[PDB]
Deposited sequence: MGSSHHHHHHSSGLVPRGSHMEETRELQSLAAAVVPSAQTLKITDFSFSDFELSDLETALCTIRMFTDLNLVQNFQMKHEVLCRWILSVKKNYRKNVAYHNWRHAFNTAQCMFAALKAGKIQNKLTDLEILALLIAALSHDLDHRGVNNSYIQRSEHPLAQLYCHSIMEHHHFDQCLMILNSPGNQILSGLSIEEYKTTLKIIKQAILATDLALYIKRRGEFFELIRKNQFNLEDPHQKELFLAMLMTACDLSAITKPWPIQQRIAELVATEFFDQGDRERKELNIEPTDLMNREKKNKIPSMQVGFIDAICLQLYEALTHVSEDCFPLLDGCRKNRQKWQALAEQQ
């Protein structure tokens, strides 16, 4: 099988440093990377967050798990595919390291966030696809996540005690549920209102959970923070999924997306951690770019 070959190659490969793979950079891009290379980057993410160590992950199991996750995204979907999931996780890794968020979280929270980031859009069929089995989409994504986590040879949480496991699974679930933008809109007010008054405190369980939710959305949307040539390309992908699947209004829509959803979030995040500023800076630069295009109609 192509996949048995794929596992062997992945399992046998040496994993380059985080620095070599550029995964610490907020401006990271995956366009030039093969599927195998994104798999290596993902291993390095688990490794340098001390997750392989602290939770006793077997190499071939983590490899198998990454390949299962990748396989359960749909290639024919223009934007919501493995590369979007991979990028979300990279942004999580970057925010944890470069953004210095790692120190504010527990190991179990970090484990959950990385798994959630990678898993949060599993089996997405594209924005214009919706079926009736009756945050519905997000429950399906989590279901896929759980299914892969319980599959033979893919159990990367096997090293956790049952108590750690249940705690981790619940964090993973809330984190994936949080990627529902309706949910983010409903909850962000509290977050912003809290930051506004310097009342925001991570030691409070309820606020911790709120922050994990906000962090998920920030990574999820982080293409909007990329260098202009990259953002332009990603916008092209989402435009294809939005309209093609299955006056140019796009620049105006992007400005509206940035204003309504993106700016305040990245603003809020930089307050929590000044080192996350490149996300806010990048988002502001893209607004300027899209706005100018919008002004030319």
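Chemist: Where along the deposited sequence are residues missing from the model?
Modeler: No C-alpha for residues 1 to 20, 155 to 165, 278 to 296.
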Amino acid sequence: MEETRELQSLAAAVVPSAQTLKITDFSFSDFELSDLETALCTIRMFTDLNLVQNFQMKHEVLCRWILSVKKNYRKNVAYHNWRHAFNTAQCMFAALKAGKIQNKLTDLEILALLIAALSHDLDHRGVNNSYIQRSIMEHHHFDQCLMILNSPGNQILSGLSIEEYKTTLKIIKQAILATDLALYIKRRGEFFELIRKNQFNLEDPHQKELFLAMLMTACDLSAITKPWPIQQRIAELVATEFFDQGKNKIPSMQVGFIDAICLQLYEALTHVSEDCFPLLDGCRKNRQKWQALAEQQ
From here on, numbers count along this sequence of modelled residues.
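Between two forms, the rigid core is defined as the largest C-alpha subset superposing within 1.5 Å.
Chemist: With everything overlaid on the rigid core, name the stretch, 72 to 80 or 99 to 107, whose CA atoms wander farther on average in 8 other deposited structures of this protein.
Modeler: Clearly, after the core fit, the stretch farther away in 8 other deposited structures of this protein is 72 to 80.
Chemist: Do the Cα atoms of 201 to 209 or of 138 to 146 sit farther, on average, from the shown structure in 8 other deposited structures of this protein when the rigid core is superposed?
Modeler: So, of the two stretches, the farther one in 8 other deposited structures of this protein is 138 to 146.
Chemist: Does a third or more of the other compared entries skip modelling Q133?
Modeler: Yes, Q133 lacks coordinates in at least a third of the other compared entries.
Chemist: Tell me which of 149 to 157 and 203 to 211 has the higher mean C-alpha B-factor in the deposited entry.
Modeler: For C-alpha atoms only, the mean B-factor is higher in 203 to 211.
Chemist: Could you settle it for me: does 171 to 179 or 96 to 104 have the higher average Cα B factor in the PDB entry?
Modeler: According to the entry, 96 to 104 carries the higher average C-alpha B-factor.
Chemist: If you check the C-alpha B-factor for each of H271, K70, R64, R44 in the entry, which is highest?
Modeler: Max CA B-factor in the entry, restricted to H271, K70, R64, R44: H271.
Chemist: Could you check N81, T88, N128, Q144 and tell me which one carries the biggest Cα B-factor in the deposited entry?
Modeler: Top of the list by C-alpha B-factor: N128.
Chemist: Taking the entry's C-alpha B-factors for this chain, is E190 in the lowest, middle or highest third?
Modeler: It falls in the top third of the chain.
Chemist: Using the temperature factors of the C-alpha atoms in this entry, rank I224 within its chain: lowest, middle or highest third.
Modeler: Lowest third.
Chemist: Where does the C-alpha B-factor of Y266 rank in its chain, lowest, middle or highest third?
Modeler: Within its chain, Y266 is a lowest-third residue by C-alpha B-factor, going by the deposited values.
Chemist: So where's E32 on the chain's Cα temperature factor ranking, which third?
Modeler: Ranked within chain, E32 CA B lands in the middle tercile.
Chemist: When the modelled residues of the chain are sorted by Cα temperature factor, does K75 land in the lowest, middle or highest third?
Modeler: Within its chain, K75 is a highest-third residue by C-alpha B-factor, going by the deposited values.
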